[PDB]
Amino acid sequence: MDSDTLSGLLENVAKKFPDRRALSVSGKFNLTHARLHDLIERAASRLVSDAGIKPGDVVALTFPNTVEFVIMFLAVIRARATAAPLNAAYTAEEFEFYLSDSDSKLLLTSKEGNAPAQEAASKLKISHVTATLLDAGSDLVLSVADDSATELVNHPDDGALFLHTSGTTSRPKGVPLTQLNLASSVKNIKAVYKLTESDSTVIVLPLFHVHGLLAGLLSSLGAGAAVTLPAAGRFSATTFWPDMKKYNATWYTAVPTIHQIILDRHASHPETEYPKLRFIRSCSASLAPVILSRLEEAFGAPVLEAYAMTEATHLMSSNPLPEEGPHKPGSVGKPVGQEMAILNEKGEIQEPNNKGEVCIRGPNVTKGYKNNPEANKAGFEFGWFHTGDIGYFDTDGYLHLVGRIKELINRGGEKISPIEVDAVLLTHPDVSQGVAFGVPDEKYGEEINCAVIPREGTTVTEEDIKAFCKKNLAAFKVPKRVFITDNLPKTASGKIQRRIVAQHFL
């Protein structure tokens, strides 16, 4: 059943599991694998014959998390074109930038449209086409005027997905990913979680970032499993568990800020009963051990943390299923389907429990950034990609992350991990959210500060937080200032970015 292209893999899946459920929209649609496969083939045929899409063309997509986004994403790639999913919330100026930078030749949206994206596409003279799924008796309707897919051969080295990085420690970089990149990551994710055709999940993350796209959507479809999209095209804490129950979910994946919202909802409105999940997954930012504990206690499933990035087509490492090995709080587990090494600044491989930069090598990894010869010369050596993250392997081969090189706090020669300190802040009884960050300091060069959101109806002082930290951290790691606030900025992906927080409180 496996294949070295995503389109090939999905074809094998449809043939093996044609009448199993593939894709539901809560309360509305329920597509089987054969039906979805044919909707995709027919749409790809229309893109080639009627929209003039040629191999290597880039097609931009901007949708909520909807059935048309799924169908058109896979139709674009099937037609040997490259999909460039874009955040629907961008301004017209942002859209103009990303449409130009990706070399998009076509913009797809829903029939309702997206006014800023349409404004940008018109200014750049890029065609705009809408996509609508009506009923089970009809093909997907495309707004382009009136077979041709069948002939098409998908090559592992064809471009398939073009994304930018989240912009956390830099200006977002452009990342081209191939059919082969996608197929490799789908095989890795399916393998480490043993996804099979009886699995089922609800998507709670944006499908324009690789976490929800690769793990939630594509790896499920690649196992013959099922995916449910929320009725309103985005995560809702109120409909999450009803959807998970109704559509027989067996797992879900989310980022720590979304897991915290789900936990809050469990505290204020517990369900009378929860489904028994095989596992709950967390990725994209560190999962504090206390959040892991809270999730296992609330929902009774093992919580497996993974480590991933856009340049790796998502998954690099994960804690294993309990039947294969332990999962370690504070750890992102073992490499899956790729090589990984910890290197010092001279490129020497480090022994266990010695820190260094995490480097990876594998068929899931991008061949290189688009139009950035310098980032490529800096980031790649003999096939290995330098992640920019500092970590170490313990003697079981489990990876422990210390943090991004650019985020470590250098206080008078001692480096502080903001990950470590965050994990402590979240254990304070009255802290609902917390983030540590570096700031300039005239005596030590850099100092650590933090910001916390108190739990509703509690009052928290800087001095309480600091005292609590002093009981749980070496003194040099204790935030010198604690900012108390009602809200922290997070990305569309759900990451709190420390540089933004820092600037905001200074």
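Quick note: we count residues from 1 along the sequence shown, nothing fancier.
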What number of residues from the deposited sequence go unmodelled in the gap from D146 to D147, classed as none, 1 to 3, 4 to 9, or 10 or more? 4 to 9
Looking at the deposited entry, does 149-157 or 396-404 carry the larger mean Cα B-factor? 149-157
Quick check on the record: does 466-474 or 31-39 carry the larger mean Cα temperature factor? 466-474
Hey, out of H314, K125, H209, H259, whose CA B-factor is highest in the deposited coordinates? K125
From the entry's CA B-factor values, the highest among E339, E357, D199, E374 is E374
Once the chain's modelled residues are ordered by C-alpha B factor and cut into thirds, is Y274 in the lowest, middle or highest one? highest
Taking the entry's C-alpha B-factors for this chain, is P116 in the lowest, middle or highest third? middle
Binned into thirds over the chain's modelled residues, the C-alpha B-factor of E305 lands in the lowest
Record-listed C-alpha B factor of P363: chain third: lowest
Name the third of the chain's ranked CA B-factors that contains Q503, choosing lowest, middle or highest. highest
